[PDB]
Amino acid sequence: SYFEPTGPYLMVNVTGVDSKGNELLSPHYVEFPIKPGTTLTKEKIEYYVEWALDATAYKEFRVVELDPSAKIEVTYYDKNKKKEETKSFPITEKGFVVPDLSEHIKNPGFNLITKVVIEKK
């Protein structure tokens, strides 16, 4: 889309590095629409980062591992409290259900800013 997204979305900002820590790919920005009620698990997230890398020179690379301390975070301004609120969700096999924040913001961006180790298959 050319315009601001109309609903919740997953914003993937990933830095790709090799197994020795050398940066291969700079923070690459990609948006994916998501809907409240969806369960986001570790495998689904890895699939979104592979999808993200498809727009790069590293489209055929295997994603070895995501930084284990990586979390999905959403920040918004609560209008009724006049305060900024930030929620964080862990990336696990059980996963978490995407909440509906429409009461505060119609197009919340769920952020995944992390480093990923990649390698040739």
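We number the residues from 1 along the sequence you see.
- Mean C-alpha B-factor is higher over 25-33 than over the other stretch, the pair under comparison being 25-33 and 44-52.
- Mean CA temperature factor is higher for 73-81 when stretches 73-81 and 89-97 are set side by side in the entry.
- Remark: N111 belongs to the middle third of its chain, ranked by C-alpha B-factor as recorded.
- Ranked by Cα temperature factor within the chain, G7 sits in the middle third according to the deposited record.
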